[PDB]
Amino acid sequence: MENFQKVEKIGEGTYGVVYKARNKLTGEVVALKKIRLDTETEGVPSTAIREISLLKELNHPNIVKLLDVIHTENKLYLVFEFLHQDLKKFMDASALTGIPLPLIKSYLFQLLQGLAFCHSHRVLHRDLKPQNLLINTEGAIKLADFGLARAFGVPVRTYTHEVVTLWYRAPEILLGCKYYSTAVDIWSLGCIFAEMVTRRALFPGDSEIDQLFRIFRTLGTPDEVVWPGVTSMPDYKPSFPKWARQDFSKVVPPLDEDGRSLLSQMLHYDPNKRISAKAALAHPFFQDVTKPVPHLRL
């Protein structure tokens, strides 16, 4: 740790601070996640051990790269690829004019490519929100901050409950499901898709019950027909009010027919029926962005 000059503090979390830094020899800029080990009673944080090991096996163009892990002076430096803005600030900056539809489509397509790569590697992100999606000046967007991520087994067992930031948290989590996997990330991405379209958070709840009721008021109060097993879930109540599902021409006015269809399938109540990242890439909403590859049948 000598050739890097700290340039600007860009973030701060529980176990570390993120800096923008610049190699003085090459002119290369990176992001440094610093972890002061002297303050950590449990040694290297579990969230850091997980993120490092996960990202060392998740090399993809739409995943922010971990470049190096450097241990020096009771400190741990994680060296990352640097991107100059997150989607949250891009959406706020675009709030008056709107993000152009071809750019929403390109960003969603890339996010589904990165998520499909995570899921095929049996990794759940579990904290997809606009502040964790980074963009560069070349039209790319990338998944970032894997500190809450987890590898899942085939089959899974019970994992940490009450994951995902509240506004992006899937209804099966809010209702206390015993098992979960890839569908929680797709729900978050569907929330984010609608947020790019409307420039407003789709479900901005302030509590777990307010979050669940905001979902119910938009997508209808689910029942056994649309979500088998919903009435047997730990946090389900028969006293939930019955709201009628709203027409997506009013939920997402700017969205065309293919967009409304894709969003509906990403916000399916049943996690077993909710569209997968791989299938979403094949949706006709992207029929112009991508062409299908021939499939062997053997």
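The term rigid core refers to the maximal set of C-alpha atoms that superpose within 1.5 Å between the two forms. When you see a residue number, it is the position in the sequence shown, counting from 1.
Between 112 to 120 and 170 to 178, the larger mean CA deviation from the shown form in 8 other deposited structures of this protein, after core superposition, belongs to 170 to 178. Here 264 to 272 and 55 to 63 are scored by the root mean square distance of their C-alpha atoms in 8 other deposited structures of this protein, with each structure fitted by the rigid core; the higher score goes to 55 to 63.
Coordinates for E42 are absent from at least a third of the other compared entries of this protein that model residues on both sides of it. Relative to one another, 97 to 105 and 180 to 188 have unequal mean CA B-factors, and 97 to 105 is the one with the higher figure. Here the stretch with the larger average CA B-factor, out of 268 to 276 and 34 to 42, is 34 to 42. Across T165, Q85, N74, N132, the entry's maximum B-factor at the CA atom is seen for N74. The PDB entry assigns its highest CA temperature factor, among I52, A244, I63, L263, to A244.
Residue-level temperature factors show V225 in the highest third of its chain, judged at the C-alpha atom. Annotation for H161: C-alpha temperature factor in the highest third relative to the rest of the modelled chain, per the entry. Ranked by Cα temperature factor within the chain, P155 sits in the highest third according to the deposited record. Among the modelled residues of its chain, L58 has a C-alpha B-factor that falls in the middle third, as given in the PDB entry. Compared with the other modelled residues of the chain, the Cα B-factor recorded for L67 ranks in the middle third.
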